[PDB]
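Undergrad: Protein chains in written order, with the entry's author numbering: chain B, 2 to 47, 55 to 90, 92 to 166; chain A, 3 to 50, 53 to 165.
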């Protein structure tokens with residue numbers, strides 16, 4: 002119930018307070034999957057992109073409190089291109106049977122194999138896809154090693 | 003109860019966007035808005053490889069509010085544009101008209117992208133879009149126009165424009 006090898010220490014520690022995991026069914030898997038998404042965000046943005061996913065806002069929320077204007081919106085994209094374009098990272102079962110979740114938060118969909126959707130592949134450079142496909146290959150190894158295939162597929166659905 | 007040429011996602015998304023039961027020809031209007039939404043999607047299959057267009061139509065208001073803050077732009081919830089060019093920084097509304105000839109801005113807030121029932125683009129609209137995008141729209145609207153005649157709901161569509 003602790004962290005896997007392929008997940009960075011930085012990412013796992015960062016993921017703890019972002020969501021109440023024990024509350025959720027397959028809470029540990031759910032946490033690991035979100036850590037995949039966040040890692041892909043880092044890989045894509047390693055600057056063109058700001059990674060909004062799991063960003064510290066407490067200082068911002070604090071300033072809004074003192075001026076009573078408006079707290080920052082919860083519904084944030086995972087990352088934002090400064092083209093002025095927002096993106097959300099998805100993990101899917103079928104690139105084929107895929108439809109866009111938002112026309113504003115554009116989807117960057119991937120297989121568990123690490124295969125990008127057609128639009129997603131255009132955005133990325135080959136350098137970035139190889140890291141993501143390389144990273145998600147390590148992830149899937151851990152998935153089968155713990156026989157957690159069904160839990161992950163369900164969590165994707 | 004969806005027509006075939008309309009995608010299942012588009013049809014599911016369209017249900018709650020407007021109270022269709024309330025309207026005179028509510029079913030037709032639901033499908034007509036689905037054309038507009040599809041045309042928005044067809045237009046937004048264009049990349050710079054970043055997406056050229058954001059499609060504001062039938063989006064969660066929280067999402068619209070967020071980017072508009074980031075793009076330093078703003079529209080009334082009544083008249084919000086259907087899509088926004090991210091390169092040119094110009095907002096658009098998809099119109100379906102019978103006559104392209106005499107057309108001039110519907111709104112001073114956004115530029116209009118008008119199309120026929122045949123699938124022919126207006127002059128200003130054609131200047132903005134690429135041929136790639138028009139053939140998709142003209143191809144899709146031929147599928148639509150066939151479905152209209154196949155079910156003989158032709159006049160009902162013409163009036164409500």
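Positions of the beta carbon are idealized from the N, C-alpha and C atoms, including for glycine.
Ends of the beta strand (DSSP E) at residue 39 (chain B)?
TA: Numbered from its first residue, the first chain carries residue 39 (chain B) at position 38. No beta strand (DSSP E) contains residue 39 (chain B), which is instead part of the alpha helix (DSSP H) from 28-46.
Undergrad: For residue 5 (chain A), go through chain B and note every residue whose CB falls closer than 9 Å to its CB, in chain order.
TA: Your numbering for residue 5 (chain A) matches position 3 in the second chain. Going along chain B, no residue has its Cβ under 9 Å from residue 5 (chain A), so there is no contact; the nearest lies around 17 Å.
Undergrad: Just tell me which of B:76, B:19, B:89, B:79 has its CA closest to the CA of residue 55 (chain B).
TA: As a working mapping, residue 55 (chain B) is identified with position 47 in the first chain. The candidate whose alpha carbon is nearest that of residue 55 (chain B) is B:89.
Undergrad: With distances taken between CB atoms, is the gap from residue 85 (chain B) to residue 68 (chain B) smaller than 8 Å?
TA: Counting from one through the first chain, the residue named residue 85 (chain B) turns up at place 77. Counting from one through the first chain, the residue named residue 68 (chain B) turns up at place 60. No. Outside cutoff.
Undergrad: Measuring CB to CB, does residue 83 (chain B) end up less than 8 Å from residue 64 (chain A)?
TA: As a first step, residue 83 (chain B) is located in the first chain; it is residue number 75 there, counting from the start. As a first step, residue 64 (chain A) is located in the second chain; it is residue number 60 there, counting from the start. Against a cut-off of 8 Å, the Cβ pair of residue 64 (chain A) and residue 83 (chain B) comes out as a contact.
Undergrad: Report the option in B:58, B:4, B:10 whose CA atom is closest to the CA atom of residue 28 (chain B).
TA: Against the first chain, residue 28 (chain B) aligns to sequence position 27. Out of B:58, B:4, B:10, B:4 has the C-alpha closest to the C-alpha of residue 28 (chain B).
Undergrad: On the CB-based measure, 16 or more other CB atoms within 10 Å of its CB, does residue 42 (chain B) come out buried or exposed?
TA: Taking the first chain and counting its residues from 1, one reaches residue 42 (chain B) at position 41. The residue in question, residue 42 (chain B), is buried, as its Cβ has 16 or more Cβ neighbours within 10 Å.
Undergrad: So is residue 67 (chain A) in contact with chain B if we call contact Cβ pairs under 8 Å?
TA: Numbered from its first residue, the second chain carries residue 67 (chain A) at position 63. True, the Cβ-Cβ gap to chain B drops below 8 Å.
Undergrad: Taking the straight line between their C-alpha atoms, what separation do you get for residue 22 (chain B) and residue 87 (chain A)?
TA: Counted from its first residue, the first chain places residue 22 (chain B) at position 21. Counted from its first residue, the second chain places residue 87 (chain A) at position 83. Each residue's Cα considered, the two are about 37 Å apart.
Undergrad: Is the beta carbon of residue 138 (chain B) closer than 8 Å to that of residue 130 (chain B)?
TA: Counted from its first residue, the first chain places residue 130 (chain B) at position 121. Counted from its first residue, the first chain places residue 138 (chain B) at position 129. Yes, Cβ-Cβ distance for residue 130 (chain B) and residue 138 (chain B) is below 8 Å.
Undergrad: Out of B:92, B:19, B:105, state which residue places its alpha-carbon closest to the alpha-carbon of residue 66 (chain B).
TA: By one-based count along the first chain, residue 66 (chain B) stands at place 58. Among B:92, B:19, B:105, the Cα nearest to that of residue 66 (chain B) belongs to B:19.
Undergrad: Where does residue 77 (chain B) sit, in a helix, a strand or coil, going by DSSP?
TA: If you number the first chain from 1, residue 77 (chain B) lands on position 69. DSSP places residue 77 (chain B) in coil when its eight states are reduced to three.
Undergrad: So that I know if they touch, is there some Cβ in chain B lying closer than 8 Å to that of residue 83 (chain A)?
TA: Locating residue 83 (chain A) in the second chain gives position 79, where the first residue counts as 1. Not closer than 8 Å to any Cβ of chain B, the Cβ of residue 83 (chain A) fails to qualify, so no.
Undergrad: When DSSP labels each residue in this structure, what does residue 149 (chain A) get in the three-state scheme?
TA: As a working mapping, residue 149 (chain A) is identified with position 145 in the second chain. Helix at residue 149 (chain A).
Undergrad: Applying the 10 Å Cβ sphere with the 16-neighbour rule, what's the burial state of residue 143 (chain A)?
TA: Locating residue 143 (chain A) in the second chain gives position 139, counting from the first residue. Per the 10 Å Cβ criterion, exposed.
Undergrad: Can you look up residue 97 (chain B) in the DSSP assignment and give me helix, strand or coil?
TA: Working through the first chain from its first residue, we reach residue 97 (chain B) at position 88. Residue state, collapsed to three classes: strand.
Undergrad: Out of A:163, A:118, A:104, state which residue places its alpha-carbon closest to the alpha-carbon of residue 98 (chain A).
TA: Sequence index remark: in the second chain, residue 98 (chain A) carries index 94 (1-based). Per the Cα distances, A:118.
Undergrad: I want to see whether chain A comes within less than 8 Å of residue 57 (chain B), judged by CB atoms only; does it?
TA: Taking the first chain and counting its residues from 1, the one referred to as residue 57 (chain B) is at position 49. For residue 57 (chain B), the answer is no, since every Cβ of chain A falls outside 8 Å of its Cβ.
Undergrad: Look up residue 118 (chain B) in the DSSP assignment and say whether it is helix, strand or coil.
TA: Taking the first chain and counting its residues from 1, one reaches residue 118 (chain B) at position 109. Note: residue 118 (chain B) maps to strand in three-state DSSP.
Undergrad: Name, please, each residue of chain B whose Cβ falls closer than 8 Å to the Cβ of residue 50 (chain A).
TA: Numbered from 1 along the second chain, position 48 holds the residue referred to as residue 50 (chain A). Within 8 Å Cβ-Cβ: 92.
Undergrad: Looking at the structure shown, is residue 130 (chain B) part of a helix, part of a strand, or coil, going by DSSP?
TA: On the first chain, position 121 is the one that residue 130 (chain B) refers to. Here residue 130 (chain B) sits in helix by DSSP.
Undergrad: Against chain A, which members of the region 109-131 of chain B pass a CB distance test of less than 8 Å?
TA: From the region 109-131 of chain B, only 109, 111, 112, 113, 114, 115, 128, 131 have a Cβ closer than 8 Å to chain A.
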